[PDB]
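Q: Sequence, then structure. It's an experimental one.
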Amino acid sequence: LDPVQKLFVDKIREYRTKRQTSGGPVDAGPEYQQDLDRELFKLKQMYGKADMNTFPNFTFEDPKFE
Amino acid sequence: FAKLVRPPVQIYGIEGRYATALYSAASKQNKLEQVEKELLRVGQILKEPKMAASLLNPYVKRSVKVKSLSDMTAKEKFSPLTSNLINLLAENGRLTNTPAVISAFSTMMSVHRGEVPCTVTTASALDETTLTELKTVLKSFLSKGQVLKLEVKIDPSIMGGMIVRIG
Amino acid sequence: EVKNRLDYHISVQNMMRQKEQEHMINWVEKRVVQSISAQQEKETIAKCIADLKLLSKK
Amino acid sequence: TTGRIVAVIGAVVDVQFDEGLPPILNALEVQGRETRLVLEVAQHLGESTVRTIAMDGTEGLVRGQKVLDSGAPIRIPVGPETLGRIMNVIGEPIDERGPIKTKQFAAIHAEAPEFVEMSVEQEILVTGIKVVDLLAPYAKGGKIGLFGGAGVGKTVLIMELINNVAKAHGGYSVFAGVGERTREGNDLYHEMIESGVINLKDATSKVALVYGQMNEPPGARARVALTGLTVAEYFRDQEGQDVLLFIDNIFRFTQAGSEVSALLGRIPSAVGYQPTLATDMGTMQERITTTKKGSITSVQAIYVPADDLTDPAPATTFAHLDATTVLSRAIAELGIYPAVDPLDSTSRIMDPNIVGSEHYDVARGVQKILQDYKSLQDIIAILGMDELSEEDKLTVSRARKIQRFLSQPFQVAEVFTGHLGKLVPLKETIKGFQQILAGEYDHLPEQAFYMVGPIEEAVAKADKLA
Amino acid sequence: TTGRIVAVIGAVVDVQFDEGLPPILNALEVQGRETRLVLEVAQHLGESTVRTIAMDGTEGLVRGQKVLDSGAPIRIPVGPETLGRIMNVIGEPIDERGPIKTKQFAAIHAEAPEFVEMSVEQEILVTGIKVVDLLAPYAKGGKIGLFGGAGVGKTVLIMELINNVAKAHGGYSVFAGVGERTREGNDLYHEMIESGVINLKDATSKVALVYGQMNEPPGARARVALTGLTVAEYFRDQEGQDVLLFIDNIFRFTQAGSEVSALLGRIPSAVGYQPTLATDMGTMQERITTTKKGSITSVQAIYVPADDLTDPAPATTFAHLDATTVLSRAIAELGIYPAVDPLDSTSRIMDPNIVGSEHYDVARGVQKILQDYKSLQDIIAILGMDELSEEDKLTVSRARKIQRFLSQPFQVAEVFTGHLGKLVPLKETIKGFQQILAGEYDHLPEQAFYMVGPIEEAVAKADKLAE
Amino acid sequence: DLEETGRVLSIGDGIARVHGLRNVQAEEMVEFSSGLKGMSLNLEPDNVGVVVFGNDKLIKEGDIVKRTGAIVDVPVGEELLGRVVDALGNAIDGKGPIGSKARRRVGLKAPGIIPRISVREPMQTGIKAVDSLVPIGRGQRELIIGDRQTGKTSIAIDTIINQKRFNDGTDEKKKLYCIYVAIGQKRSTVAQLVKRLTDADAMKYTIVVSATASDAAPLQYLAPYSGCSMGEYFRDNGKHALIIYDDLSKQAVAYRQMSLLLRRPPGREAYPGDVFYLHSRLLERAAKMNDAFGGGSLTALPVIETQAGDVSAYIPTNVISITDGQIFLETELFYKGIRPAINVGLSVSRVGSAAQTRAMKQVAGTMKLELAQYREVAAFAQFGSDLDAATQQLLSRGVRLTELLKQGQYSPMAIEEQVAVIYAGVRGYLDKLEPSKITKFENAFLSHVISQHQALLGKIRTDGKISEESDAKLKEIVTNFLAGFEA
């Protein structure tokens, strides 16, 4: 997260300023939002379009052999 | 075959077979610097279409060349062995090459004439000295803050890894 | 079937931080990379440390 | 800045740039040339001399002549508006529908998408060609490399598929005529127009054309592939798209590489080879993919140099394949168009897995039977099968029948074939073999199985015969 | 003199020797070496630069690095102390049993002893291995090539020979496991220890182990051959002994040479082999001898590259050989062990006098029949295999018996086989075949003959088989 | 800094002729301004030929080349297990970093004789054929030789998966840390592969060293050596590792190229000569140590893909000359379906028995033998069609045995089971039945035994051998199972 103090002081300082804001963590930026929504689609494909907030359920059966 | 003065590096090939020749020749009797300048002079005395006329066409026959680059280099007086070696490189084709040959010998931002180390900036030490890590401290007093886009800009440079830590 | 949507939400927020990280970074760095340069004295620190090499290496 | 022609030996233009000396791959535009005479830097030879490769042709270039580095790789117009359009290598429409109003440019180096980024779940791209699906099943996103002899309907096939497939498709397609017969491109043009898939009131055809035909000068041909990759990545990644990418012919890429190799002062590997065939390949190949972000379903024409596969080039290639299409001249000699040999033409994605075992097994019996048969023909070559077991005779004939049954008319090349195209959905495919395999059929003529559509058609034909 | 590494281009170390040079072939020691880097001088490239050959790995080395010439070629430990010792090229106790308290050093360039020194007569060395003696009667002191391509128990066989022979004589050994798998040398190792023929309690054995495995500088590996030679010559004459010299694998030597040849600037001629191929061998083989004051019965394992002997190298090799064992991988594929090629496995020195005519003839007849049989093969593959004409059948079968009888159990690969190895001294053998030749056992059938030592055992085996 | 920095004398081809760096350590891995690493192969008098690990569109001349001052080591640990790494030991699995923060030199040479102890352990794959007929031990080296995606890889995989049960053992006699070198193998393939392991999650005990297709040539080159160091690590920690080199073939190609780029001559088969040394030395590092070194092992499964079965393909020839046997795969059987597709008549483990369990030995000796004739009886009195019962039996039996060894794509197994089923046929018990039912049977038989004769299985496994009793247990069991198969 942190190394070279001579740059680092300013650089890290600007990063925290981000966190210290709630119009986004200082801003967000369209570009990210566009990709987010895309990437969000894809991984739903990755593991099917059910919603794993709920779990599966099954049904039951039998037949006579002879 | 003779063991020779081969003050190292010294680029042994490369127009420096000759340089290394004179790194034993010149140094024998150490007529080095004197001759260094012979060479310098010559440098443009040649390289004009005038001495280097035979450069212009070597069709002119090498004999002619050793009789026009001078009867030696003969017209002048750059000749200790200078002329004989001229009259050799000529024939030996190393004439069009000569600046570099001269360089190789000479020129010594570092080579028995000076020094050059760097991590940051032109840090052309220049000095035949035994040390320089002071003679840099020195230099850092012609300045010590100034610009430093007069060579190293350590600004991007070191500013390189960090961009890596993030990724 | 449960797990993957939970892990998706986390994984997206993770992916969504890194991108914000590079883009955040890029603005912060592409702004302040410029300003620094006024410090002559990092070249102050170059020489200083450079003496603690030039002297202090050998 | 500017450079000097210091040496021109062919399209290896030795440029001394001093003034700058950008990295390698910086595109230079020659001053004193009306042409956008690109040389793309190849080596920094030193002496601030670079070896560049003119992509382009040369001539009329007085040495020393000034070259101004354009300072970057080929940046080429991008955007969906490339569909329809035939652009040359340098991305200018050679469809000449005026220019293109790009959106952006791209350096035609595009890289390897990430290992971590891939989605990689091969699913059959069906084709409706019995022979294909069954034997050389294709996967959606798959890279199929079409080994095939010259003119063997190799091209035909690919096209034929394109019709069959690219139509059905929802993603786009790219046709890269790399080193292709311009003529064939002309032809191609006209079908595409005709077909209206290239609908020309549509730069929103389902297909973008990039052509860097046979005629180009080497560099152009060499690099055009990279370009094509770059485009498709645009459509995939950027436009989502499952691209079907027609390359005719990657061989010419290869060719081009090797051709230059010499001039690239190399030690050029065997046969003169570019040893950087390998690197080239990797570097290309990895650009080739089917990301998480979609597919480049990659239809790679591979001329089989001297039809030698053994030939390192293809040999390497195989590694990158996923579906291999070997059109087999022997078979071709057997007249067959289809001319494939699937003991050769194999698909990694041909698996009991990916495409069912039925396929596999029905095939394994076939592959087997054929494999055995293949063993037999030679003994038979002497002996005939005459004093050699009848079951074998049967089976052989069956194998062959199956062979014949694989012969399948071309709808496109009805002109060529006479025969009228056939396309057979899977089931009837299965069925077919299963039946023939059942020997059920076998009381029948071999040639009945020839150039059929579904088995019925063989049946139909049987009647028509006998 | 002193040298500077002027160029390290791979492990080709070009040294510019500064204070002059040392002569050719001088072993040079690099100054600044934790494991002295013997350099073998190869060319005086001139400019007091030599091209030298690294005989170690070249890692870590500072260019320029200082070399002090050992003032000689490679000189190596020599002395009786090598018996039961594993030496490397540079003699080093790679037995890892502390330094060899050798009492002599030698430059490993041993050369060709003179014409006059050569015992003009040798006596057939009998191996008691039927086939061996029979077709290639070996002579004590002989140069035996074991051509054989890879893997076929080849090494096993070889070892076994060692068992059979080296034990059995006051003949000493040098075993040079050159280029061999360190692993196989290990394995091998254990066997001797085990055998007690490497008996270490008295360090001595009678055996020098010289190893120069396939992880060593080729030149070095190349040179480990010389090393052994140099040593053995010492034992040969000086110790007077018939040393048995096992070289595994002289092909790899040649190879090692070839790999470097390029680098040595020699254009390594056809099939890649060094253009100096001839000299390399010539000098080597000519270095080898059985003189009058001793024998180096030289057993050279020869890998047959690709079973191609027409491969120039083996082709050359052949010249030097005077007894050739060409093991036939096909025969091996025919499963045998005796897997040999028999109708190629010769000694030009088979004789109606010297092996007596009986032997000789028997062999010749046999060889003939096999050759004939071979002819019959031509019918059979496609035209019948318990089927055609019958007199020929008679021979076919006979040949076949002969084959089986030619097969003999492996005597340590009993571990694998469960077949106790066998061996048949010469007469019973000759006779043996004569009986078969006599067509005696014709009432008797084939498989009874398989993998036996003497014929009785086959007779016995028949009986077991009649159930 | 100075001196042991260089200005790129010339660059092209990722071959930096480097001006300066002169007092450099031979084969020092150097460091680029780009941060790419390179290796100092050729110290020429007036340049340093440096192979650039990366690529040179990314750089240009005069550039500072700085020594790293290090001759290559690679991170080593064992936190490579569960990891896919690149040669430099860096995630490419992209799973954050690796836990292998030790580094260990690649160029470390092979040990001596003395630190070894030869094999006497078996090594098992679950592949009946393998384990039986070319029975393998641990620390070994054996060639997987074959052509393309025959499940080319599969072979390794299933084996690895198979080791899972052993890794589910708590041994270190069978608990086998698996090392997969991917040479030249496009990421996609690799991905699948990784995935396969993942799915199998055998990956947990597994390094996958992956130099895919991509990689600048040295990278693929290096990888094995890397893997090697990494494997020596286990070996010296008594641990038994298996490294699969798949394949040097591609490597060699690259290497030649590398040489060529080094302006060194194309050697034999246009391949330079000490590519032999290359691999030879590489491969010498695979071993079974003696006990002092914890007895550990690095078992090597190099893979070489022949091109057209060409083994006189120089490098194959070489490798063969190295190999302790080779596992030859043939197409035909494959096409026939038959996987095994092997020609065991061309596959060998010279070794045979050190590499075995008595259990296996008990059926296999005989079987091998039987197959030998069986195969043989295809050639004498047959090139393809003829009859007689005695022998017909042998054929029948043989055919059965074929099935019995016929082990389709994907099949990790445990040996006693294998023996179990094998025993049935060997001991002639199903000869009757058709091949088709064998498999089915086999399966069936398996759940049966698995369940029931789990007892028995316990035993056989235990005895390492089947006792006569256990045999008897089989005899009735099998007979009955067969019977059950009916009855």
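A: Arrived safely, thanks for sending. Numbers count the residues shown, from 1 in each chain, chains lettered A, B, ... in the order given.
Q: Give the bridge partners for the closest residue to residue F:70 other than its chain neighbours, please.
A: Once flanking residues are discounted, residue F:70 sits nearest to residue F:29: 5.3 Å by C-beta to C-beta, 6 or more residues apart in numbering or on different chains. Where C-beta positions appear, they are placed from N, C-alpha and C, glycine not excepted. On the basis of DSSP bridges, residue F:29 is bridged to residue F:39, residue F:70.
Q: Would you mind naming what in the stretch 201-350 of chain F lies close to chain D?
A: Residues of the stretch 201-350 of chain F lying near chain D by C-beta under 8 Å from any C-beta of the partner chain: F:210, F:212-217, F:250, F:253-254, F:256-257, F:260-261, F:263, F:265-266, F:270, F:307-308, F:331-332, F:335-337.
Q: report the longest helix in chain A, please.
A: helix A:30-46 (DSSP state H).
Q: no, scratch that, I was asking about chain C
A: Max-length helix for chain C by DSSP H is helix C:3-31.
Q: How about that helix and chain D, touching?
A: No - using C-beta under 8 Å from any C-beta, we find that helix C:3-31 stays clear of chain D, coming within 11.2 Å at best.
Q: just to revisit the earlier point, show the buried residues in the residues of the stretch 201-350 of chain F next to chain D.
A: F:210, F:212-217, F:250, F:253-254, F:256-257, F:260-261, F:265-266, F:270, F:307, F:331-332, F:335-337 (16 or more other C-beta atoms under 10 Å in any protein chain shown).
Q: So which of the residues you listed are in strands?
A: residue F:210 (DSSP state E).
Q: Which residue, neighbours along the chain excluded, lies closest to the residue of chain C found nearest chain B?
A: Distances between chain C and chain B by C-beta to the nearest C-beta are smallest at residue C:40, namely 2.5 Å. Leaving aside its sequence neighbours, residue C:40 sits nearest to residue B:145 (C-beta to C-beta, 6+ apart; 2.5 Å).
Q: ok, now residue D:254?
A: Residue D:254 sits nearest to residue D:313 (C-beta to C-beta, 6+ apart), 5.5 Å away.
Q: tell me the contacts of that neighbour?
A: D:251, D:254, D:273, D:277, D:305 (C-beta atoms under 8 Å, 6 or more residues apart in numbering or on different chains).
Q: What are the contacting residues of stretch F:464-481?
A: Looking at what lies outside stretch F:464-481 - C-beta under 8 Å, 6+ apart - the contacts are F:357-359, F:362, F:416, F:419-420, F:423-424, F:427, F:429, F:444-445, F:448-449, F:453, F:456, F:459-460, F:463.
Q: now whichever residue of chain C sits closest to chain D: how far from residue C:9?
A: As assessed by C-beta to the nearest C-beta, chain D sits closest to residue C:15 within chain C, at 11.2 Å. Distance of residue C:15 to residue C:9, computed by C-beta to C-beta, to the nearest Å: 11 Å.
Q: more crowded one of these two?
A: The neighbour comparison of residue C:15 against residue C:9 (other C-beta atoms under 10 Å in any protein chain shown) goes to residue C:15, with 16 against 12.
Q: So in chain B, which helix runs the longest?
A: helix B:32-47.
Q: Name the next helix or strand following it along the chain.
A: Toward the C-terminus, helix B:32-47 is succeeded by helix B:53-56 as the next helix or strand (DSSP states H and E).
Q: For that following helix, buried residues please.
A: Those would be B:53-55, for helix B:53-56 by 16+ other C-beta under 10 Å.
Q: swap in stretch F:307-316?
A: F:307, F:309, F:311, F:313-316.
Q: re earlier: please report how far the residue nearest to residue F:70 lies from residue F:71.
A: Taking C-beta to C-beta, one finds residue F:29 at 6 Å from residue F:71.
Q: Let me see the contact set for the residue of chain C closest to chain B.
A: Residue C:40 neighbours (C-beta under 8 Å, 6+ apart): B:144-146.
Q: which among the residues you listed end up buried?
A: B:144-145.
Q: May I have the beta-bridge partners of the closest residue to residue F:319 other than its chain neighbours?
A: Of all residues not flanking residue F:319 in the chain, residue F:304 sits nearest, at 5.6 Å (C-beta to C-beta, 6+ apart). Residues in a beta bridge with residue F:304, per DSSP bridges, are residue F:145.
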